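Line by line, the protein sequences are chains A, B, C, D and E.
For the first sequence, the residue numbers in the UniProt record's numbering are 80 to 176, 184 to 319.
Just so you know, the UniProt record's numbering puts 110 at position 52 of the second sequence, and the rest follows in order with no gaps.
Just so you know, the UniProt record's numbering puts 42 at position 4 of the third sequence, and the rest follows in order with no gaps.
Just so you know, the UniProt record's numbering puts 62 at position 61 of the fourth sequence, and the rest follows in order with no gaps.
Just so you know, the UniProt record's numbering puts 64 at position 63 of the fifth sequence, and the rest follows in order with no gaps.
Below: one structure, written as structure tokens.
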Amino acid sequence: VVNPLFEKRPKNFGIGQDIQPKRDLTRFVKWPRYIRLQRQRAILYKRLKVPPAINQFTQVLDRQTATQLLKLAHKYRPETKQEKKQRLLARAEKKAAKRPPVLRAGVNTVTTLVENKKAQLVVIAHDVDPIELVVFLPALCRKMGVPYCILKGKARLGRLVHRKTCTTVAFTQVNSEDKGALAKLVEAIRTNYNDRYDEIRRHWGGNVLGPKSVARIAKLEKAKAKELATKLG
Amino acid sequence: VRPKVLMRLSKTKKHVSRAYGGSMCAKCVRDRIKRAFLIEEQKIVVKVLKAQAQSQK
Amino acid sequence: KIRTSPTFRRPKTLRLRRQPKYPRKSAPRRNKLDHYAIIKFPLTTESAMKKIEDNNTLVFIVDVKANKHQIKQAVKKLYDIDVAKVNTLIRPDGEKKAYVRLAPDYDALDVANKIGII
Amino acid sequence: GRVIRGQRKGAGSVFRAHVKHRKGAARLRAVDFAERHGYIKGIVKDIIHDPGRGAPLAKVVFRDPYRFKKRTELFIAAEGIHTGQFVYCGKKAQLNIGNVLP
Amino acid sequence: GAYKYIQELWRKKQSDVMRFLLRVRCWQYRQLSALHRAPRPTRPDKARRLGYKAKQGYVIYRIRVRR
RNA sequence: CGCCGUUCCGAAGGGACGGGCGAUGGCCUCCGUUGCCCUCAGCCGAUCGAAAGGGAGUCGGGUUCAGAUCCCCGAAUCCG
RNA sequence: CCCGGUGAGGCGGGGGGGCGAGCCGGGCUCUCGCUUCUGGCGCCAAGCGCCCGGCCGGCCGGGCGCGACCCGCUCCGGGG
Ligand SMILES: [Mg+2]
Ligand SMILES: [Mg+2]
């Protein structure tokens with residue numbers, strides 16, 4: 080029932096033969112300078128030796144912990160501009176006839199709170215740049231005995247406070263209906279960050295060669311171990 | 059004629075009623091028809107021998 | 039999805055047309071090469087008379103910035119005549135002279151009387 | 002004293018190469034997949050004289066392995082090549098005059 | 002009080018932390034052009050004590066001069 | 001002040017046959033235009049550089065004090 | 001940090017397939033990656049599988065996957 084005129088006309092893509100197919104060349108593209116620069120900065124961080132003070136920021140909350148931490152924090156977001164106008168208007172109505187707990191944003195506000203021991207939990211974004219703004223904070227929070235955690239995204243802390251970005255937030259008080267939720271977080275966070283601090287600050291990062299180099303090293307070793315194995319047979 | 063004069067000449071004046079006409083001489087078109095056919099035939103022959111030795115292998 | 043060329047090229051992006059808040063000029067500039075400006079005066083020399091009588095041609099001194107199209111449109115509108123062709127030379131003193139040949143049904147000697155040339 | 006002729010040669014000026022009628026730079030093919038793993042075929046179209054050069058140049062045409070194109074290369078003519086000859090380049094070309102091998 | 006720690010931190014330019022940051026950043030700065038608009042002050046503490054304020058109308062530029 | 005440099009450390013194309021979407025028109029029949037999206041694109045060097053190089057196509061007769069392959073009479077031609 | 005090449009076009013590792021070897025049909029030392037006769041031609045997919053639409057199982061038109069293996073962190077090389 081098939082039409083006999085139809086037939087296979089396969090292409091032979093060997094060297095010579097037919098022109099090559101338009102296969103994916105994403106790996107061999109000549110990218111703009113700025114793309115090369117930001118990618119090469121990612122390999123340098125892996126390639127070089129990253130001191131523990133900076134490397135600690137690679138250790139971050141697993142997704143399950145961050146989602147719970149961000150769900151609890153979402154109950155304490157600072158009021159927006161639109162709704163702060165409303166509160167003032169109502170205050171006028173209340174006048175014509184207590185401060186709820188709230189998060190604290192910013193490294194300047196949070197640092198002062200941590201020194202005063204007025205913070206119960208400090209959350210630090212893992213990708214602050216320049217890192218100097220926060221590179222000291224983990225060591226400070228441990229000194230004052232404030233539980234702290236490192237979370238993925240200075241922009242996820244941005245969405246909390248209705249701003250593009252935030253370097254760090256802090257719980258100072260919570261409603262009684264939430265004290266249990268904070269208590270569980272603090273206990274889980276503290277064992278990961280404050281208690282391991284002795285090991286966090288002695289743990290360098292990076293210092294990993296590239297896959298081509300590693301494979302070259304392995305293939306050389308795999309020529310000796312096999313040579314060793316056939317030494318006895 | 060000069061190259062820009064070719065714009066105002068009909069097509070019959072600028073070519074020949076034959077494949078490649080006006081671009082390749084008849085003598086070399088004869089050689090290409092044979093060369094194309096004869097090399098293509100050689101491919102079939104080698105293909106059968108190559109397939110045969112594969113069968114014999 | 040995939041790049042089948044090794045070359046990166048700047049992607050094409052939207053380009054909006056200009057929408058000024060105010061016009062940079064309050065009003066458009068007045069046309070300073072109107073019909074009256076183009077035609078200065080007629081030439082009345084001996085060689086000009088010969089053109090009128092023998093070539094059906096009027097001889098005008100025109101603005102040096104005028105072109106043959108504008109001169110033709112000026113001569114027609116000013117004197118309600120028809121033009122066959124306009125020849126122009128720039129004189130050694132810097133003035134532009136127009137040899138305006140009128141249509142065959144227009145008698146240049148008659149038209150010259152209307153213009154007051156003769 | 003003044004600047005000697007030898008010094009003046011390095012400034013270009015009247016001491017630059019007479020390249021008005023040179024046919025181009027003579028090079029092998031840019032190395033690509035075909036020459037790294039196999040070979041590629043070309044054809045000697047013409048052997049030409051390059052002004053200012055004793056050696057003749059060969060104009061060898063290849064196919065572009067990725068595009069519908071013909072690539073014209075300007076080789077240094079090996080003695081004995083001829084027009085209409087086939088030359089081959091790559092890791093697996095045969096040992097013949099004019100071929101290009103690692 | 003964060004601006005105090007950063008000021009003191011940038012006084013330890015031979016520390017391990019600072020050496021890593023200066024080395025990598027000098028490398029990055031060296032891949033760009035000699036005059037380069039910067040998006041924000043690389044040193045928020047130093048910039049502001051020199052008169053900078055984080056408001057519209059203040060811009061930062063990075064310049065590369067041969068030594 | 002600027003100099004070097006001319007494809008060399010560059011996200012260097014503002015284009016298009018055709019296809020899909022809308023918005024507008026008119027000899028509102030159906031064709032156009034316009035905006036968006038899909039698709040396709042080496043040229044790879046802005047610009048300048050020759051009244052002797054390259055470069056389509058005008059010739060005959062008459063005519064002035066002085067201009068004519070340019071004006072007039074006639075007969076052609078290229079380009080769009 | 002420097003050098004060379006390219007329209008930064010198939011690099012590294014593994015998978016999958018082929019000829020040989022040899023231990024008692026399977027594993028492995030270990031190799032290859034389909035072009036060498038001729039001064040031809042060679043792109044803008046055939047084929048197979050899976051879904052979608054339009055008109056009336058038949059006609060007309062789309063999309064996707066394989067064909068064209070997977071994963072990778074420096075384009076590939078040379079220095080350092
Ligand atoms: Mg003909
Ligand atoms: Mg000229």
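Think of the CB as a built atom: it goes at the ideal place given N, C-alpha and C, for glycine as much as any other residue.
Below-8 Å beta-carbon distance, residue i vs any chain E residue
i: A/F222; result: yes
i: A/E273; result: no
Short CB-CB distance (under 8 Å) between residue i and chain A
i: D/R54; result: no
i: E/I7; result: yes
i: C/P44; result: yes
i: E/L23; result: no
i: C/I109; result: no
i: E/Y4; result: yes
i: D/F63; result: no
i: E/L36; result: no
i: E/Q57; result: no
i: D/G39; result: yes
i: D/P66; result: yes
i: E/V60; result: no
i: E/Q15; result: no
i: E/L51; result: no
i: E/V66; result: no
Residues near residue i by beta carbon distance below 8 Å, same chain, minus five either side
i: C/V149; result: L96, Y117, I119 and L140
i: A/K204; result: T258
i: C/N94; result: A122, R139, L140, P142, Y144, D145 and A146
i: A/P157; result: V188, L189, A191, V247 and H248
i: D/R9; result: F16
Sequence-distant residues of the same chain with beta carbon closer than 7 Å to residue i, five excluded per side
i: A/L151; result: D264, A267, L268 and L271
i: D/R37; result: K92
i: A/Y124; result: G292
i: B/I97; result: none
i: D/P103; result: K92
i: B/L64; result: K72
Cβ-Cβ distance between residue i and residue j below 8 Å
i: C/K135; j: C/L147; result: no
i: E/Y30; j: E/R68; result: no
i: D/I41; j: D/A78; result: no
i: E/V25; j: A/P130; result: no
i: C/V102; j: C/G132; result: yes
i: C/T82; j: C/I155; result: yes
i: A/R126; j: A/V232; result: no
i: B/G80; j: B/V87; result: no
i: E/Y62; j: E/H37; result: yes
i: A/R242; j: A/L149; result: yes
i: A/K240; j: A/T253; result: yes
i: C/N151; j: C/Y137; result: no
Cutoff 6 Å; reference residue i; Cβ partners in own chain excluding five residues on either side
i: D/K46; result: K60 and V62
i: A/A256; result: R190, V196, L199, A205 and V208
i: C/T51; result: none
i: E/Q32; result: none
i: A/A132; result: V221
i: C/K89; result: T95 and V97
Interface flag, residue i vs chain C, CB-CB below 8 Å
i: A/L116; result: no
i: A/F107; result: yes
i: A/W110; result: yes
Residue-level contact to chain D via CB, residue i, 8 Å cutoff
i: A/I98; result: yes
> For the 8 Å Cβ check, are there 3 or more pairs between the stretch 2–17 of chain E and the stretch 87–98 of chain D?
Replying inline: The stretch 2–17 of chain E, when compared against the stretch 87–98 of chain D, does not touch it at the 8 Å Cβ threshold.
> So, do the stretch 134–141 of chain A and the stretch 276–290 of chain A have three or more beta carbon pairs nearer to each other than 8 Å?
Replying inline: Segments in contact, yes.
>> For a minimum of 4 consecutive residues, which ranges assigned as the alpha helix (DSSP H) are wholly contained in the stretch 89–158 of chain A?
In response: DSSP runs (the alpha helix (DSSP H)) wholly in the stretch 89–158 of chain A: 112–126, 131–134 and 142–152.
>> Just to confirm the assignment: which complete alpha helix (DSSP H) runs, minimum length 4, are found wholly within the stretch 27–70 of chain D?
In response: Fully enclosed alpha helix (DSSP H) runs of 4 or longer: 34–38.
>> Count Cβ pairs between the stretch 213–224 of chain A and the stretch 6–16 of chain E that sit closer than 8 Å; are there 3 or more?
In response: Counting C-beta pairs with one atom in each stretch, the stretch 213–224 of chain A and the stretch 6–16 of chain E have three or more that are closer than 8 Å, which means they touch.
> Would you call the stretch 42–55 of chain C and the stretch 97–105 of chain A touching, i.e. three or more CB-CB distances under 8 Å?
Replying inline: Under the 8 Å Cβ criterion, the stretch 42–55 of chain C counts as touching the stretch 97–105 of chain A, having at least three qualifying pairs.
> Unbroken alpha helix (DSSP H) runs of length 4 or more, entirely within the stretch 207–272 of chain A: which are they?
Replying inline: If we require 4 residues or more, the alpha helix (DSSP H) runs fully inside the stretch 207–272 of chain A come out as 218–221, 223–229 and 242–246.
> Which ranges would you report for the alpha helix (DSSP H) in the stretch 66–144 of chain C if only whole runs of at least 4 residues count?
Replying inline: Runs of the alpha helix (DSSP H) inside the stretch 66–144 of chain C: 73–76, 84–92 and 106–117.
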